[PDB]
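Next comes data14.pdb, with PDB, C-alpha atoms.
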```pdb
ATOM      1  CA  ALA E   1      -2.650   5.205  23.333  1.00  0.00           C
ATOM      2  CA  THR E   2      -0.388   6.365  20.493  1.00  0.00           C
ATOM      3  CA  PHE E   3      -1.679   6.880  16.942  1.00  0.00           C
ATOM      4  CA  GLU E   4       0.777   7.578  14.131  1.00  0.00           C
ATOM      5  CA  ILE E   5      -1.177   9.335  11.376  1.00  0.00           C
ATOM      6  CA  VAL E   6       0.705   8.917   8.092  1.00  0.00           C
ATOM      7  CA  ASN E   7      -0.165  10.552   4.764  1.00  0.00           C
ATOM      8  CA  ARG E   8       1.023   8.330   1.913  1.00  0.00           C
ATOM      9  CA  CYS E   9      -1.196  10.142  -0.598  1.00  0.00           C
ATOM     10  CA  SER E  10       0.462  12.216  -3.296  1.00  0.00           C
ATOM     11  CA  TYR E  11      -1.660  15.195  -2.209  1.00  0.00           C
ATOM     12  CA  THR E  12      -1.791  17.105   1.049  1.00  0.00           C
ATOM     13  CA  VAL E  13      -4.444  16.079   3.556  1.00  0.00           C
ATOM     14  CA  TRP E  14      -5.463  17.759   6.802  1.00  0.00           C
ATOM     15  CA  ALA E  15      -5.736  14.986   9.378  1.00  0.00           C
ATOM     16  CA  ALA E  16      -8.392  15.227  12.072  1.00  0.00           C
ATOM     17  CA  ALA E  17      -9.016  13.427  15.355  1.00  0.00           C
ATOM     18  CA  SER E  18     -12.082  13.896  17.539  1.00  0.00           C
ATOM     19  CA  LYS E  19     -14.506  12.032  19.777  1.00  0.00           C
ATOM     20  CA  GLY E  20     -17.530  14.186  18.933  1.00  0.00           C
ATOM     21  CA  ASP E  21     -17.567  16.610  21.863  1.00  0.00           C
ATOM     22  CA  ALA E  22     -13.827  17.338  22.094  1.00  0.00           C
ATOM     23  CA  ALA E  23     -10.565  17.215  20.193  1.00  0.00           C
ATOM     24  CA  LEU E  24      -8.219  14.252  20.420  1.00  0.00           C
ATOM     25  CA  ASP E  25      -4.715  15.653  21.018  1.00  0.00           C
ATOM     26  CA  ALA E  26      -4.473  18.852  18.925  1.00  0.00           C
ATOM     27  CA  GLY E  27      -7.486  17.627  16.937  1.00  0.00           C
ATOM     28  CA  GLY E  28      -6.117  18.381  13.477  1.00  0.00           C
ATOM     29  CA  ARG E  29      -2.967  19.114  11.483  1.00  0.00           C
ATOM     30  CA  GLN E  30      -1.761  19.547   7.922  1.00  0.00           C
ATOM     31  CA  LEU E  31      -0.051  16.440   6.527  1.00  0.00           C
ATOM     32  CA  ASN E  32       1.989  16.934   3.373  1.00  0.00           C
ATOM     33  CA  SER E  33       2.644  13.908   1.174  1.00  0.00           C
ATOM     34  CA  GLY E  34       4.700  11.530   3.320  1.00  0.00           C
ATOM     35  CA  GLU E  35       4.457  13.374   6.635  1.00  0.00           C
ATOM     36  CA  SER E  36       3.684  11.619   9.919  1.00  0.00           C
ATOM     37  CA  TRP E  37       1.777  13.062  12.879  1.00  0.00           C
ATOM     38  CA  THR E  38       1.943  11.317  16.260  1.00  0.00           C
ATOM     39  CA  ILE E  39      -1.024  11.966  18.557  1.00  0.00           C
ATOM     40  CA  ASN E  40      -1.808  10.742  22.061  1.00  0.00           C
ATOM     41  CA  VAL E  41      -5.371   9.612  22.790  1.00  0.00           C
ATOM     42  CA  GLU E  42      -6.352   9.262  26.437  1.00  0.00           C
ATOM     43  CA  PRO E  43      -6.986   5.638  27.498  1.00  0.00           C
ATOM     44  CA  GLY E  44     -10.640   4.749  27.854  1.00  0.00           C
ATOM     45  CA  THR E  45     -11.591   7.023  24.946  1.00  0.00           C
ATOM     46  CA  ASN E  46     -15.000   5.947  23.658  1.00  0.00           C
ATOM     47  CA  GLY E  47     -16.223   6.826  20.177  1.00  0.00           C
ATOM     48  CA  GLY E  48     -13.008   8.332  18.836  1.00  0.00           C
ATOM     49  CA  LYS E  49     -12.589   8.960  15.119  1.00  0.00           C
ATOM     50  CA  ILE E  50      -9.722   9.829  12.780  1.00  0.00           C
ATOM     51  CA  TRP E  51     -10.183  11.009   9.199  1.00  0.00           C
ATOM     52  CA  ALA E  52      -8.590  13.028   6.412  1.00  0.00           C
ATOM     53  CA  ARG E  53      -9.735  16.313   4.881  1.00  0.00           C
ATOM     54  CA  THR E  54      -9.016  17.435   1.327  1.00  0.00           C
ATOM     55  CA  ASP E  55      -8.534  20.861  -0.271  1.00  0.00           C
ATOM     56  CA  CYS E  56      -8.503  22.900   2.925  1.00  0.00           C
ATOM     57  CA  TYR E  57      -7.754  26.606   3.295  1.00  0.00           C
ATOM     58  CA  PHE E  58      -7.080  27.987   6.780  1.00  0.00           C
ATOM     59  CA  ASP E  59      -6.002  31.498   7.723  1.00  0.00           C
ATOM     60  CA  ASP E  60      -3.259  32.179  10.270  1.00  0.00           C
ATOM     61  CA  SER E  61      -5.806  31.796  13.104  1.00  0.00           C
ATOM     62  CA  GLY E  62      -6.943  28.277  12.176  1.00  0.00           C
ATOM     63  CA  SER E  63     -10.306  29.159  10.604  1.00  0.00           C
ATOM     64  CA  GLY E  64     -11.294  28.259   7.066  1.00  0.00           C
ATOM     65  CA  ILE E  65     -12.927  25.418   5.148  1.00  0.00           C
ATOM     66  CA  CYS E  66     -12.276  21.995   3.631  1.00  0.00           C
ATOM     67  CA  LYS E  67     -13.980  20.490   0.596  1.00  0.00           C
ATOM     68  CA  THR E  68     -14.390  17.179   2.458  1.00  0.00           C
ATOM     69  CA  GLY E  69     -14.382  16.468   6.177  1.00  0.00           C
ATOM     70  CA  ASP E  70     -14.755  20.073   7.337  1.00  0.00           C
ATOM     71  CA  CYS E  71     -15.256  20.351  11.113  1.00  0.00           C
ATOM     72  CA  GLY E  72     -16.929  23.716  11.597  1.00  0.00           C
ATOM     73  CA  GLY E  73     -14.150  25.440   9.670  1.00  0.00           C
ATOM     74  CA  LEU E  74     -11.434  24.678  12.233  1.00  0.00           C
ATOM     75  CA  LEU E  75      -7.925  23.425  11.581  1.00  0.00           C
ATOM     76  CA  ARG E  76      -8.105  21.766  15.019  1.00  0.00           C
ATOM     77  CA  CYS E  77     -11.301  19.718  15.042  1.00  0.00           C
ATOM     78  CA  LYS E  78     -13.433  19.568  18.181  1.00  0.00           C
ATOM     79  CA  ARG E  79     -16.366  17.876  16.405  1.00  0.00           C
ATOM     80  CA  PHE E  80     -16.833  15.297  13.670  1.00  0.00           C
ATOM     81  CA  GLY E  81     -16.240  16.140  10.042  1.00  0.00           C
ATOM     82  CA  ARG E  82     -18.720  16.857   7.296  1.00  0.00           C
ATOM     83  CA  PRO E  83     -19.364  13.836   4.988  1.00  0.00           C
ATOM     84  CA  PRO E  84     -18.056  12.280   2.871  1.00  0.00           C
ATOM     85  CA  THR E  85     -15.401  11.031   5.319  1.00  0.00           C
ATOM     86  CA  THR E  86     -13.679   7.673   5.441  1.00  0.00           C
ATOM     87  CA  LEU E  87     -13.631   7.060   9.195  1.00  0.00           C
ATOM     88  CA  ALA E  88     -11.126   5.283  11.420  1.00  0.00           C
ATOM     89  CA  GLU E  89     -13.304   4.500  14.446  1.00  0.00           C
ATOM     90  CA  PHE E  90     -11.948   3.307  17.775  1.00  0.00           C
ATOM     91  CA  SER E  91     -13.012   2.759  21.377  1.00  0.00           C
ATOM     92  CA  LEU E  92     -10.150   2.112  23.783  1.00  0.00           C
ATOM     93  CA  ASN E  93     -10.046   0.154  27.050  1.00  0.00           C
ATOM     94  CA  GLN E  94     -13.614  -1.162  26.916  1.00  0.00           C
ATOM     95  CA  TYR E  95     -13.569  -3.853  29.621  1.00  0.00           C
ATOM     96  CA  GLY E  96      -9.951  -4.768  28.933  1.00  0.00           C
ATOM     97  CA  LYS E  97     -10.053  -4.527  25.130  1.00  0.00           C
ATOM     98  CA  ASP E  98      -9.727  -2.001  22.332  1.00  0.00           C
ATOM     99  CA  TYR E  99     -12.127  -1.960  19.386  1.00  0.00           C
ATOM    100  CA  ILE E 100     -11.209  -0.549  15.975  1.00  0.00           C
ATOM    101  CA  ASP E 101     -12.926  -0.472  12.589  1.00  0.00           C
ATOM    102  CA  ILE E 102     -13.245   1.530   9.385  1.00  0.00           C
ATOM    103  CA  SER E 103     -16.639   2.985   8.483  1.00  0.00           C
ATOM    104  CA  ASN E 104     -18.115   4.098   5.171  1.00  0.00           C
ATOM    105  CA  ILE E 105     -21.401   4.941   6.939  1.00  0.00           C
ATOM    106  CA  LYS E 106     -20.478   8.624   6.528  1.00  0.00           C
ATOM    107  CA  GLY E 107     -19.165   8.180   2.991  1.00  0.00           C
ATOM    108  CA  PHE E 108     -15.704   7.868   1.517  1.00  0.00           C
ATOM    109  CA  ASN E 109     -13.164  10.496   0.565  1.00  0.00           C
ATOM    110  CA  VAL E 110      -9.621   9.157   1.140  1.00  0.00           C
ATOM    111  CA  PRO E 111      -8.394   5.528   1.161  1.00  0.00           C
ATOM    112  CA  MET E 112      -7.156   4.409   4.536  1.00  0.00           C
ATOM    113  CA  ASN E 113      -5.466   1.567   6.421  1.00  0.00           C
ATOM    114  CA  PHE E 114      -6.058   1.250  10.180  1.00  0.00           C
ATOM    115  CA  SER E 115      -3.595  -1.136  11.808  1.00  0.00           C
ATOM    116  CA  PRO E 116      -2.123  -1.730  15.256  1.00  0.00           C
ATOM    117  CA  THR E 117       1.596  -1.167  15.670  1.00  0.00           C
ATOM    118  CA  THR E 118       1.633  -3.607  18.614  1.00  0.00           C
ATOM    119  CA  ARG E 119       0.851  -7.287  19.133  1.00  0.00           C
ATOM    120  CA  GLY E 120      -2.469  -9.046  19.351  1.00  0.00           C
ATOM    121  CA  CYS E 121      -4.722  -8.247  16.385  1.00  0.00           C
ATOM    122  CA  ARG E 122      -5.037  -7.555  12.667  1.00  0.00           C
ATOM    123  CA  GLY E 123      -5.620  -4.335  10.777  1.00  0.00           C
ATOM    124  CA  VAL E 124      -8.510  -3.177   8.623  1.00  0.00           C
ATOM    125  CA  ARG E 125      -8.254  -1.451   5.268  1.00  0.00           C
ATOM    126  CA  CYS E 126     -10.472   0.356   2.753  1.00  0.00           C
ATOM    127  CA  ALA E 127      -8.135   1.290  -0.105  1.00  0.00           C
ATOM    128  CA  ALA E 128     -10.239   0.712  -3.229  1.00  0.00           C
ATOM    129  CA  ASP E 129     -11.008   3.523  -5.681  1.00  0.00           C
ATOM    130  CA  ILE E 130     -14.448   4.260  -4.264  1.00  0.00           C
ATOM    131  CA  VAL E 131     -14.427   7.861  -5.513  1.00  0.00           C
ATOM    132  CA  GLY E 132     -13.617   6.762  -9.060  1.00  0.00           C
ATOM    133  CA  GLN E 133     -16.328   4.080  -8.986  1.00  0.00           C
ATOM    134  CA  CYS E 134     -18.843   6.118  -6.981  1.00  0.00           C
ATOM    135  CA  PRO E 135     -22.442   5.860  -8.249  1.00  0.00           C
ATOM    136  CA  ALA E 136     -23.605   9.059  -9.901  1.00  0.00           C
ATOM    137  CA  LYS E 137     -26.267   9.986  -7.338  1.00  0.00           C
ATOM    138  CA  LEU E 138     -23.672   9.655  -4.546  1.00  0.00           C
ATOM    139  CA  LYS E 139     -20.796  11.610  -6.111  1.00  0.00           C
ATOM    140  CA  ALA E 140     -19.888  14.664  -4.059  1.00  0.00           C
ATOM    141  CA  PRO E 141     -19.125  17.719  -6.246  1.00  0.00           C
ATOM    142  CA  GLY E 142     -16.499  18.726  -3.692  1.00  0.00           C
ATOM    143  CA  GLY E 143     -14.878  15.317  -4.120  1.00  0.00           C
ATOM    144  CA  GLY E 144     -15.489  11.975  -2.470  1.00  0.00           C
ATOM    145  CA  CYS E 145     -18.451   9.618  -2.347  1.00  0.00           C
ATOM    146  CA  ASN E 146     -21.448  10.372  -0.134  1.00  0.00           C
ATOM    147  CA  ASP E 147     -23.352   7.779   1.836  1.00  0.00           C
ATOM    148  CA  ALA E 148     -26.986   7.215   0.910  1.00  0.00           C
ATOM    149  CA  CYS E 149     -28.197   8.639   4.235  1.00  0.00           C
ATOM    150  CA  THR E 150     -26.410  11.942   3.593  1.00  0.00           C
ATOM    151  CA  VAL E 151     -27.896  12.200   0.095  1.00  0.00           C
ATOM    152  CA  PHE E 152     -31.498  11.081   0.607  1.00  0.00           C
ATOM    153  CA  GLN E 153     -32.266  11.401   4.354  1.00  0.00           C
ATOM    154  CA  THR E 154     -34.623   8.421   4.552  1.00  0.00           C
ATOM    155  CA  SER E 155     -35.320   6.037   7.419  1.00  0.00           C
ATOM    156  CA  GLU E 156     -33.993   3.124   5.361  1.00  0.00           C
ATOM    157  CA  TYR E 157     -30.638   4.719   4.508  1.00  0.00           C
ATOM    158  CA  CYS E 158     -30.131   6.258   7.967  1.00  0.00           C
ATOM    159  CA  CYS E 159     -31.485   3.298  10.004  1.00  0.00           C
ATOM    160  CA  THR E 160     -33.399   5.692  12.247  1.00  0.00           C
ATOM    161  CA  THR E 161     -36.001   3.114  13.345  1.00  0.00           C
ATOM    162  CA  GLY E 162     -33.374   0.477  14.092  1.00  0.00           C
ATOM    163  CA  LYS E 163     -34.934  -1.544  11.246  1.00  0.00           C
ATOM    164  CA  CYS E 164     -32.938  -1.342   8.022  1.00  0.00           C
ATOM    165  CA  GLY E 165     -31.352  -3.687   5.535  1.00  0.00           C
ATOM    166  CA  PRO E 166     -28.574  -3.345   2.994  1.00  0.00           C
ATOM    167  CA  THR E 167     -29.341  -1.204  -0.033  1.00  0.00           C
ATOM    168  CA  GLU E 168     -28.038  -0.809  -3.571  1.00  0.00           C
ATOM    169  CA  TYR E 169     -25.912   2.061  -2.258  1.00  0.00           C
ATOM    170  CA  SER E 170     -24.565   0.243   0.805  1.00  0.00           C
ATOM    171  CA  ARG E 171     -23.805  -2.855  -1.281  1.00  0.00           C
ATOM    172  CA  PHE E 172     -21.549  -0.654  -3.419  1.00  0.00           C
ATOM    173  CA  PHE E 173     -19.323   0.339  -0.490  1.00  0.00           C
ATOM    174  CA  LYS E 174     -19.394  -3.267   0.723  1.00  0.00           C
ATOM    175  CA  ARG E 175     -18.356  -4.628  -2.679  1.00  0.00           C
ATOM    176  CA  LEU E 176     -15.293  -2.384  -2.946  1.00  0.00           C
ATOM    177  CA  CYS E 177     -14.498  -2.353   0.807  1.00  0.00           C
ATOM    178  CA  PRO E 178     -15.822  -5.529   2.469  1.00  0.00           C
ATOM    179  CA  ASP E 179     -13.838  -4.793   5.663  1.00  0.00           C
ATOM    180  CA  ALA E 180     -15.616  -1.474   6.336  1.00  0.00           C
ATOM    181  CA  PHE E 181     -19.080  -0.704   7.667  1.00  0.00           C
ATOM    182  CA  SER E 182     -21.338  -0.029   4.686  1.00  0.00           C
ATOM    183  CA  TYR E 183     -24.453   0.879   6.699  1.00  0.00           C
ATOM    184  CA  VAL E 184     -25.399   1.251  10.351  1.00  0.00           C
ATOM    185  CA  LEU E 185     -26.705  -2.300  10.865  1.00  0.00           C
ATOM    186  CA  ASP E 186     -24.016  -3.917   8.697  1.00  0.00           C
ATOM    187  CA  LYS E 187     -22.498  -7.173   9.898  1.00  0.00           C
ATOM    188  CA  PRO E 188     -19.776  -5.768  12.182  1.00  0.00           C
ATOM    189  CA  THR E 189     -16.215  -5.645  10.872  1.00  0.00           C
ATOM    190  CA  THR E 190     -14.892  -4.446  14.242  1.00  0.00           C
ATOM    191  CA  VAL E 191     -11.490  -5.844  15.253  1.00  0.00           C
ATOM    192  CA  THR E 192     -10.868  -6.682  18.918  1.00  0.00           C
ATOM    193  CA  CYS E 193      -7.375  -5.612  19.968  1.00  0.00           C
ATOM    194  CA  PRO E 194      -5.585  -5.900  23.323  1.00  0.00           C
ATOM    195  CA  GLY E 195      -6.309  -3.022  25.660  1.00  0.00           C
ATOM    196  CA  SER E 196      -3.908  -0.079  25.402  1.00  0.00           C
ATOM    197  CA  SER E 197      -2.698  -1.007  21.939  1.00  0.00           C
ATOM    198  CA  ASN E 198      -1.002   1.514  19.664  1.00  0.00           C
ATOM    199  CA  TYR E 199      -2.057   2.168  16.088  1.00  0.00           C
ATOM    200  CA  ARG E 200      -1.171   3.708  12.747  1.00  0.00           C
ATOM    201  CA  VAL E 201      -3.656   5.308  10.363  1.00  0.00           C
ATOM    202  CA  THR E 202      -2.191   5.460   6.849  1.00  0.00           C
ATOM    203  CA  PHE E 203      -3.939   7.545   4.203  1.00  0.00           C
ATOM    204  CA  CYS E 204      -3.571   6.056   0.714  1.00  0.00           C
ATOM    205  CA  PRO E 205      -1.840   2.890   1.991  1.00  0.00           C
ATOM    206  CA  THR E 206      -1.334   1.502  -1.535  1.00  0.00           C
ATOM    207  CA  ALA E 207       0.106   4.726  -3.007  1.00  0.00           C
TER     208      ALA E 207
END
```
Exercise: express the given structure as structure tokens:
Amino acid sequence: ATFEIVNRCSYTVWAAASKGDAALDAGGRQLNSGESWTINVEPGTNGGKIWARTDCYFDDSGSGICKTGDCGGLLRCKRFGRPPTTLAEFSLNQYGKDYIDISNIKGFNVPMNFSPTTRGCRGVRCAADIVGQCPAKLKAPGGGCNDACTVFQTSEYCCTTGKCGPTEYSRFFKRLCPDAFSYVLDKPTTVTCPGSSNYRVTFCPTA
């Protein structure tokens, strides 16, 4: 599959792509305002994620840090990023179909649109000003809006027992971004696309 990762934000972001235990394509790259980065994800990829990172500093060897979304200090991510991270989640070629969604379960840092560039399905979007409206106890000093599980580490926020309902904090993400997962057991907003579709992730789609 082909993902075009586009940065429409006015600021630089450092895109990242990983499936948890390995990089997707190069795994990460700097994206100046307006730049596009085309990556190739192997078909059948399960549990792949794409996200943006803000205020990064990497040396000439690819080691450093980001204020949001840092993946063990690497420019090229092999693991998932540190919350808060708006997440483009996708599983490809699952019994003939692709499955995409946007998740706020790990917080929010950059607005994002996740759409197919091919036939057969719709796109999802979470482009509201969640950082600007973030509740005080969830605001991340490094920028972005943390999820309640990251902040408080309780069974109810993290859904560790498989029993959990919506919360005041999850209802906030759901109110601003109804098309994104607000907590683990949220009513799924996953979009079913034709197998081997191609996609575009646009950071700050309304910029």
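Picked by the PyMOL selection byres ((chain E and resi 182) around 6) from the coordinates shown: residues 104, 105, 170, 173, 174, 181 and 183 of chain E.
When you apply the PyMOL selection byres ((chain E and resi 116) around 9) to this structure, what comes back is residues 3, 114, 115, 117, 118, 119, 120, 121, 122, 123, 193, 197, 198, 199, 200 and 201 of chain E.
Using all atoms listed in the file, the protein and nucleic acid residues lying no more than 8 Å from stretch 71-78 of chain E, apart from those fewer than 5 places from it along its own chain, are residues 14, 16, 17, 18, 19, 20, 21, 22, 23, 24, 26, 27, 28, 29, 58, 62, 63, 64, 65 and 66 of chain E.
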Output the selection as a tab-separated table (two decimals), in the coordinates of the input - C-alpha atoms for each residue.
```tsv
chain	number	residue	atom	x	y	z
E	14	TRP	CA	-5.46	17.76	6.80
E	16	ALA	CA	-8.39	15.23	12.07
E	17	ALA	CA	-9.02	13.43	15.36
E	18	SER	CA	-12.08	13.90	17.54
E	19	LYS	CA	-14.51	12.03	19.78
E	20	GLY	CA	-17.53	14.19	18.93
E	21	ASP	CA	-17.57	16.61	21.86
E	22	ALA	CA	-13.83	17.34	22.09
E	23	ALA	CA	-10.56	17.22	20.19
E	24	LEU	CA	-8.22	14.25	20.42
E	26	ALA	CA	-4.47	18.85	18.92
E	27	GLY	CA	-7.49	17.63	16.94
E	28	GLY	CA	-6.12	18.38	13.48
E	29	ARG	CA	-2.97	19.11	11.48
E	58	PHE	CA	-7.08	27.99	6.78
E	62	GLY	CA	-6.94	28.28	12.18
E	63	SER	CA	-10.31	29.16	10.60
E	64	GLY	CA	-11.29	28.26	7.07
E	65	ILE	CA	-12.93	25.42	5.15
E	66	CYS	CA	-12.28	22.00	3.63
```
### Task
One decimal, Å: what's the distance from atom CA of residue E:205 over to atom CA of residue E:148, could you say?
25.5 Å
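Matched in the shown structure by the PyMOL selection byres ((chain E and resi 158) around 8): residues 148, 149, 153, 154, 155, 156, 157, 159, 160, 183 and 184 of chain E.
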### Query
Which protein, DNA or RNA residues have an atom at most 9 Å from (-9.3, 4.1, 11.4), counting all atoms listed in the file? List them as number ranges by chain.
E: 49-51, 86-90, 100-103, 112-115, 124-125, 199-202
### For residue E:141, the nearest of the candidates E:68, E:196, E:167, E:93, counting all atoms listed in the file
E:68
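Across E:151, E:204, E:138, E:126, the tightest approach to residue E:177 is made by E:126 when counting all atoms listed in the file.
Restricting the calculation to all atoms listed in the file, the smallest distance between residue E:5 and any of E:40, E:94, E:150, E:54 is found for E:40.
The nearest approach to residue E:143 among the residues E:161, E:189, E:85, E:46, with all atoms listed in the file taken into account, belongs to E:85.
Separating atom CA of residue E:36 from atom CA of residue E:4 is a distance of 6.5 Å.
One distance worth recording is that between atom CA of residue E:135 and atom CA of residue E:56, which is 24.7 Å.
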### Using only C-alpha atoms: which of E:192, E:7, E:133, E:61 has the shortest distance to residue E:98
E:192
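Considering the residues E:97, E:163, E:203, E:175 and counting only C-alpha atoms, residue E:32 has its shortest atom-to-atom contact with E:203.
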